[PDB]
Amino acid sequence: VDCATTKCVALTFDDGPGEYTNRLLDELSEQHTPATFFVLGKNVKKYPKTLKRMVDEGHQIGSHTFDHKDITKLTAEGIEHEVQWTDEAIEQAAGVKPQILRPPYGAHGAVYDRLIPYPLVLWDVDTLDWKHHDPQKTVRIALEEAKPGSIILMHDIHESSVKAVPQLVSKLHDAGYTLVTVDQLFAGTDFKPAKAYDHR
Ligand code: NI
């Protein structure tokens, strides 16, 4: 996909994997749609086959650190642990290395980011599903606030994401968008480590 011309949107899911991730992957599969999963390293240990699904079925795996700590609260070595422990978990699980990282709570800063070997990927559309856990509100906010180049934040922690996705994909397609991984979204642009990006 050429997102320089084509109207692209990236669906992203934080804080997984968990008990709903496979249903989520099933729904995404049913509508031939890729997504980007910013995974928690602590959770990855328990879900190796599910991470293999992400690779096998066209999705992108990103790092969300290991135990979801605000990285700006940490020391240099603390940040090292969060990055490296998560990478090891992802490599052991799926045989790949993430190429992007999303900082917990969106919290970051130049002095910290310089320690992160990947582009920092934020978002421009917060579905707020972490507060309301409501599938229809997730769809409404994602649909109405998305624009070409948007990155939509959702959470793989709760049933409402599973219930939201079939409708969310349908409506984004009907609204003229092509759904892509974060990699595809930034393909061709200057997408470099230790920098933060919230939109193409
Ligand atoms: Ni998170």
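None of the figures in this text is laboratory data; all of them are computed from the coordinates on show. So basically every Cβ, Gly included, is an ideal-geometry build from the backbone, and we count neighbours across all protein chains shown.
Place a +1 charge on the Cβ of each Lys and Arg in the chain and a -1 charge on the Cβ of each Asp and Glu, then give the dipole magnitude about the Cα centre in debye, rounded to the nearest 20. Don't skip to the answer; put the middle values down first.
Details: 22 positive and 30 negative charges, 9 e Å.
Around 40 debye, computed over the chain.
Which residue, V139, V96, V125, has the most motion in a Gaussian network model of the chain that connects Cα atoms within less than 10 Å?
Ranking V139, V96, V125 by mean-square fluctuation puts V96 first.
Which of the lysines could a cross-linker span from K46 if the Cα-Cα distance has to be under 24 Å and same-chain partners fewer than 8 positions apart are dropped?
Partners found: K69, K97, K163.
If neighbour count is taken as other Cβ atoms inside 10 Å, put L28, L11 in order from fewest to most.
Numbers: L28 22, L11 30.
Listed from fewest to most nearby Cβ atoms, that is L28, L11.
Relative contact order, percent, of the chain when contacts are C-alpha pairs under 8 Å separated by at least 6 residues?
Values: 424 pairs, mean separation 63.7, N = 200.
Once normalised by length, the contact order is 32 percent.
How would you rank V162, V121, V1, going from fewest to most other Cβ atoms within 10 Å of each one's own Cβ? Please list the in-between numbers first.
On the way: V162 19, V121 25, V1 14.
Ranked by crowding around the Cβ, least crowded first: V1, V162, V121.
Hey, fewest Cβ within 10 Å first, where do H81, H59 land in order? Kindly include the intermediate steps, with their values, before the conclusion.
Values: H81 16, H59 20.
Sorted ascending by nearby Cβ count, the order is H81, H59.
Taking 0.36 nm per residue of separation and subtracting the Cα-Cα distance, what length does fully extending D198 through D2 add?
Details: separation 196, 0.36 × 196 = 70.56 nm, distance 1.86 nm.
68.7 nm is the gain from fully extending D198 to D2.
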